[PDB]
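Top to bottom, those sequences are chains A and B.
Anchor point for the first sequence: position 195 equals 257 in the authors' numbering, and the numbering is continuous, going up by one each time.
Anchor point for the second sequence: position 152 equals 180 in the authors' numbering, and the numbering is continuous, going up by one each time.
Beta carbons are placed, not taken as given, at the ideal position from N, Cα and C, and that holds for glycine.
Remarks on the structure that follows.
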Amino acid sequence: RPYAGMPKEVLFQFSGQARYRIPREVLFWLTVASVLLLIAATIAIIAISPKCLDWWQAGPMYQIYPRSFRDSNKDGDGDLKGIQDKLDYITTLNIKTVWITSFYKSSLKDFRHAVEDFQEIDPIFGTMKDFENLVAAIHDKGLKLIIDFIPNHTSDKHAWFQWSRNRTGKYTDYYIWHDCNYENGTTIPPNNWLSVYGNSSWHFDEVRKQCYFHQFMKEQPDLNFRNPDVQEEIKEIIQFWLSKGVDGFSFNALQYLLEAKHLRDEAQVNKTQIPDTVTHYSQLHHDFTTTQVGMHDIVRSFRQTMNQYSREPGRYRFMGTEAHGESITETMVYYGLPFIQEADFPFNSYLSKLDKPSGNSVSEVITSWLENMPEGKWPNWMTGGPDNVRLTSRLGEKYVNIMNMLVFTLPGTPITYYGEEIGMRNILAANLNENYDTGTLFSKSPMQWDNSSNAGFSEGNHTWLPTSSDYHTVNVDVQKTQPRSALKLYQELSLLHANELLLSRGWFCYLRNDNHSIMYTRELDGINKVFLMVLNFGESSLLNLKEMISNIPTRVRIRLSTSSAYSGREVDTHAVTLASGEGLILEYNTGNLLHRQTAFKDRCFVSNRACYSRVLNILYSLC
Amino acid sequence: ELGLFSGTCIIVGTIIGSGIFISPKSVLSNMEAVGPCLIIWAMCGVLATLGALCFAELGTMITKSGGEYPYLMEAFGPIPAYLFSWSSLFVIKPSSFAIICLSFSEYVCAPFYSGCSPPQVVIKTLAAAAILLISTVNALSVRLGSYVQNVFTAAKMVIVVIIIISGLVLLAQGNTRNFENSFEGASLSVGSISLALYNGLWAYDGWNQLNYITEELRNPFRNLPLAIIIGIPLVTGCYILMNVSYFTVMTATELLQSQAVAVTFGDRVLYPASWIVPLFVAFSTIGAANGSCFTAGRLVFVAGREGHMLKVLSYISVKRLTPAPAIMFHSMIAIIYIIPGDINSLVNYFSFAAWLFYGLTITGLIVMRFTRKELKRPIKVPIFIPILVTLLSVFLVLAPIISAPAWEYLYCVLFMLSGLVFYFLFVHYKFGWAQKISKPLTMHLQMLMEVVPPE
Ligand SMILES: CCCCCCCC/C=C\CCCCCCCC(=O)O[C@H](COC(=O)CCCCCCCCCCCCCCC)COP(=O)([O-])OCC[N+](C)(C)C
Ligand SMILES: *[C@@H]1O[C@H](CO)[C@@H](O[C@@H]2O[C@H](CO)[C@@H](O)[C@H](O)[C@H]2NC(C)=O)[C@H](O)[C@H]1NC(C)=O
Ligand SMILES: *[C@@H]1O[C@H](CO)[C@@H](O[C@@H]2O[C@H](CO)[C@@H](O)[C@H](O)[C@H]2NC(C)=O)[C@H](O)[C@H]1NC(C)=O
Ligand SMILES: CC(C)CCC[C@@H](C)[C@H]1CC[C@H]2[C@@H]3CC=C4C[C@@H](O)CC[C@]4(C)[C@H]3CC[C@]12C
Ligand SMILES: CC(C)CCC[C@@H](C)[C@H]1CC[C@H]2[C@@H]3CC=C4C[C@@H](O)CC[C@]4(C)[C@H]3CC[C@]12C
Ligand SMILES: *[C@@H]1O[C@H](CO)[C@@H](O)[C@H](O)[C@H]1NC(C)=O
Ligand SMILES: *[C@@H]1O[C@H](CO)[C@@H](O)[C@H](O)[C@H]1NC(C)=O
Ligand SMILES: *[C@@H]1O[C@H](CO)[C@@H](O)[C@H](O)[C@H]1NC(C)=O
Ligand SMILES: *[C@@H]1O[C@H](CO)[C@@H](O)[C@H](O)[C@H]1NC(C)=O
Ligand SMILES: [Ca+2]
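In structure tokens, the structure reads:
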């Protein structure tokens, strides 16, 4: 009856019900149930997957002082052509963002600035086409470029001010003017307001016959941000630089934007002081010249102008601000509100203030930023800047390595100042014939590249600033051959921080710490492996980790060390020793994570919680 | 009957598929410069014309129903004809179905993962759900096969002109910075040039299945070599005029970042409605997959006569006249392909096996024309075009394996030789016990799946 070759009519007898009927519909309904259970499973994975980290959260920034990086045409001043030559050195550090401080056409290159044209490059840095070739060379390497912006004041040689003193057109109110009595060279100002660098904050103008306001030196009149004409000018400069491909800005001197309209006198710190000897900025309470009422809606307006360019995916424009030196709760307002967006993060300069390497001095900065921060925000850690003594001269050479391991294992974005990866130091003296701030000038020495004329920075006769004397031992060429150098460790940390998935979005549980030592772990849920960083800022120690963590085995592997002697050597948890500036990245496996317990819910921090799935190999935010 | 203008309109719509949306990323990651990767689309675009012209010769002189299986039977004997029927059932046809459905989930899930790459589990769970749905619809019905075809080839051409017009208008506005200093980092090598011809030629897949149109052509012999030498060279001109429209908008460093190249383009140029590109490309890519599943039952019928492939595969279901055993076996092999590999490791695996049989065919063209066969051939091609296609394909099959060896080639060579083993132990020797494993298998399958021999 089978007779394998079977036309229509015969097999309809067999295929009716006997046994082969129920498999047909049960297999046909299986493939249908699965098709709508795979398009249902992919929707359930796209929904629970958390947003990936932007380019400003993913990798370290690298702050360059453009006049001291690399000189191309032997004139003694670095320029934008020399920054472009060294872009292949910057990508061996695994840098993601190159932050170039201000290069606009300036009449004063310090004291926070004096710009003559917000849309030109200063001649000593190159020309407008040298910038477009650098922005192209940066994007082709996969890097991003953010630049300094300071919108509070201009130079008194700016075209806007030359028209304003002439009362020309609409420019008569671009600046803050007021009437003042001027006889025999001595002026009485409209009030007792002081400059930030210390003197009467009003200055008489001979052409206008009025006084103009300036927070900084007399060469920097303050723009009047209360009239809408000035805000549309600052809106076109933000639009001019974003069209050239700049990936974001760093706004400076933001608390000085607005001032009180009533122009009433401040309150003295020492009330019983004679009102003609108050000439120091610190002798007044500054309630009418900093952080006025409508100041945050101006900064939120800059953020909307930058949103017209950050819509296409992969080209988000970063906005960061500098922090208020005195307050930390005033700094956290720049993070914005859950419904009004603002700076992506304000720059944390509190690590750059430590002058003595103590364990509780560093521990206080870490917990002060992380607990004061809003919920789903992103931290950042900046251990140096152009305006403070370099790390090797502030703390000592023994703390260069322990300090790079600190900011690369903490949550958030580490921001590096040029020359901090090789352990540069301040110069001892210089003779400059320009108007520079001699208190903060010695941390801008030219970059030391190798053993040559001027450390390989200029190839010319002279440099704008003398290089440090000991550039024969500390420079890039020597340090990238040595096996255990500050540059070699820096390239190991930025690579470990880049591709770990545990350092970028793992929890941060800050275990207890006595003075002279800091311990914290980074852990994710489905990873089944935790990092433990033990950093010793003290004299020396032999500390038993089995009592402290209560989660650690008795034999752990050293993933990294600052003295680099412990490349892969395993140690005993009972007795680990740390030699006064030693840091270890211990790494072990465990199923009991510290943030899941109840005693540690008060001291674990994460920005956007996300657990890990081993079977799917994805992050998912549902857990 | 269909005229010459329609004589090309069928072939041009046939060539342009989902290859132009996925290959640019892969051909550029091997040329490294905008300049050379523009000559690859022309070099492989010309090499696809000489291929389709040589196939016009065999298509007219042999004049048999089989697609390419006859051409190897007429020249070399029964072993290459079988070896091709073996690979075109386990290698060429299933993997080309897995690349089209792997490239449809790259475009559906790319917008929901803006800024970064989606996980591998999402672009495989969505591809496995497209293979099962495309192979189930084409088994339950035939009208629904051709119901949505003419609309799916509209969306395919609507986008092709939107990308071109936009990429030309932007070129008038002077956005010339990308190809100003081309050729500067060109890594020309037998390693890169071969691996970049694979991905460039995959966008031309569909030039061999172009001989069926002669039956309705008004004047076939006079117009078909014309409809080919003006149809495909019109398409390669529409590829370099579409790959140029990518580099006008974005740079060579941002191309390699995204797998969905046209999605990166619609965000940069068409912001008010940028969802149009991932929506229209998902239409055309799922339409080109519908064309692959339709032809699965074609070759198994012609090879089912000569007792090379199992005859049960050509059986048709009675309730719906659809080759159910051919389809559900054609897709079940594809599911096993999307699991291990991804698009780039499958375009190499596919264009490797496909190009050795593409060579053996057009060598059989001259070999039959040189010595063995003296029958009349209606249209004749010059002698210099076939010797080029074979000397090119011998470079395409043999350079990648020696210069850039990979584990994908090994599994490809082990598949054909495994079929060579099935030749002697199953069809060449005709063992006694070999029969009693076949007969109870076919009708039980017929019993379970209610399918019936076609005629
Ligand atoms: C033929 C046409 C096919 C479709 C074409 C394309 C269609 C779309 C075209 C175009 C996209 C339109 C614009 C979208 C903009 C972004 C919107 C967005 O992110 O919304 C999310 C909605 O939340 C969700 O859960 C979205 C789920 C999406 C599921 C997709 C379909 C899968 C199956 C397709 C059919 C397969 C059929 C196979 C058989 C034929 C936001 O949610 P969230 O929680 O805020 O963010 C979560 C995700 N991140 C951002 C964190 C990463
Ligand atoms: C305000 O400006 C006056 C200048 O008019 C400063 O006084 C001079 O300070 C320098 C310091 O290097 C002395 O050498 C001069 O002798 C001072 N001039 C006179 C007339 O005494 C004054 O210090 C400024 N106030 C500050 C900085 O708080
Ligand atoms: C605040 O400044 C006043 C001066 O304006 C200080 O008072 C005394 O001032 C007279 C002025 O002739 C001095 O001779 C005294 O020596 C001052 N007393 C002191 C220094 O104790 C007052 O003390 C100042 N207060 C603070 C807190 O510094
Ligand atoms: C037809 C009926 C009876 C059975 C259908 C089973 C199908 C839906 C199952 C069987 C094996 C499965 C695959 C197994 C493993 C993987 C790899 C993973 O990284 C993505 C999903 C993927 C690719 C699965 C997709 C769904 C799948 C193809
Ligand atoms: C079959 C095709 C022509 C149908 C689509 C027609 C419309 C929607 C298309 C055809 C050409 C297109 C234009 C081509 C180029 C540009 C320049 C670009 O900087 C902005 C979009 C813009 C202005 C496009 C807008 C949409 C457009 C007008
Ligand atoms: C200001 O007015 C004076 C007097 O006429 C003139 O010489 C000068 O050029 C003017 N400057 C500007 C900037 O208008
Ligand atoms: C005039 O100038 C002299 C300068 O020595 C000064 O002493 C005097 O107070 C001034 N007079 C007025 C009224 O400003
Ligand atoms: C500087 O480094 C070079 C290696 O590039 C070395 O040859 C030279 O001796 C060094 N000079 C000094 C003074 O150490
Ligand atoms: C530096 O001094 C030497 C000494 O002759 C001179 O040749 C050279 O030109 C000087 N450098 C510059 C930049 O002028
Ligand atoms: Ca101001």
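Are the C-beta atoms of residue i and some chain B residue less than 9 Å apart?
i	result
residue 103 of chain A	yes
residue 152 of chain A	no
residue 193 of chain A	no
residue 143 of chain A	no
Closest Cβ-Cβ distance between residue i and chain A: below 9 Å?
i	result
residue 382 of chain B	no
residue 362 of chain B	no
residue 201 of chain B	no
residue 307 of chain B	no
residue 153 of chain B	yes
residue 476 of chain B	yes
residue 285 of chain B	yes
residue 205 of chain B	yes
residue 282 of chain B	yes
residue 53 of chain B	no
From residue i to residue j, what does the alpha carbon distance come to, in whole angstroms?
i	j	result
residue 320 of chain A	residue 196 of chain B	48 Å
residue 444 of chain B	residue 379 of chain A	54 Å
residue 454 of chain A	residue 478 of chain A	14 Å
residue 291 of chain A	residue 137 of chain B	45 Å
residue 504 of chain A	residue 586 of chain A	43 Å
residue 385 of chain B	residue 457 of chain B	25 Å
residue 645 of chain A	residue 417 of chain A	20 Å
residue 686 of chain A	residue 175 of chain A	Since the first residue shown for chain A is 63 and the last is 685, residue 686 of chain A is missing from the structure and cannot be characterised.
residue 194 of chain B	residue 283 of chain B	18 Å
residue 287 of chain A	residue 648 of chain A	53 Å
residue 682 of chain A	residue 144 of chain B	15 Å
Within 10 angstroms of the Cβ of residue i, are there 16 or more other Cβ atoms? Answer buried if so, exposed if not.
i	result
residue 125 of chain B	buried
residue 43 of chain B	buried
residue 461 of chain B	exposed
residue 518 of chain A	buried
Thinking C-beta only, is residue j closer than 9 Å to residue i?
i	j	result
residue 475 of chain A	residue 122 of chain A	yes
residue 328 of chain A	residue 442 of chain A	no
residue 163 of chain A	residue 124 of chain A	no
residue 608 of chain A	residue 639 of chain A	no
residue 270 of chain A	residue 509 of chain A	no
residue 499 of chain B	residue 342 of chain B	The first residue shown for chain B is 29 and the last is 483, placing residue 499 of chain B beyond what the model contains.
residue 412 of chain A	residue 427 of chain A	yes
residue 316 of chain B	residue 123 of chain B	no
residue 299 of chain A	residue 368 of chain A	no
residue 593 of chain A	residue 472 of chain A	no
residue 187 of chain A	residue 311 of chain A	no
residue 452 of chain A	residue 482 of chain A	yes
residue 79 of chain B	residue 407 of chain B	no
residue 680 of chain A	residue 150 of chain B	yes
Just list the alpha helix (DSSP H) runs in the segment 551–624 of chain A, keeping only unbroken ones of 4 residues or longer that don't cross its boundaries, in chain order. Runs found: 607–610.
Beta strand (DSSP E) runs wholly inside the segment 362–434 of chain A, at least 3 long, in chain order: Here the runs fully enclosed are 380–384 and 407–409.
With a floor of 4 residues, list each alpha helix (DSSP H) that falls wholly inside the segment 204–284 of chain B, ordered by position along the chain. Runs found: 218–230, 248–257, 260–275 and 280–283.
Entirely within the segment 259–340 of chain A and at least 3 residues each: give me those beta strand (DSSP E) ranges in chain order. Within the segment 259–340 of chain A, the complete beta strand (DSSP E) runs of at least 3 residues fall at 264–267, 272–275 and 310–313.
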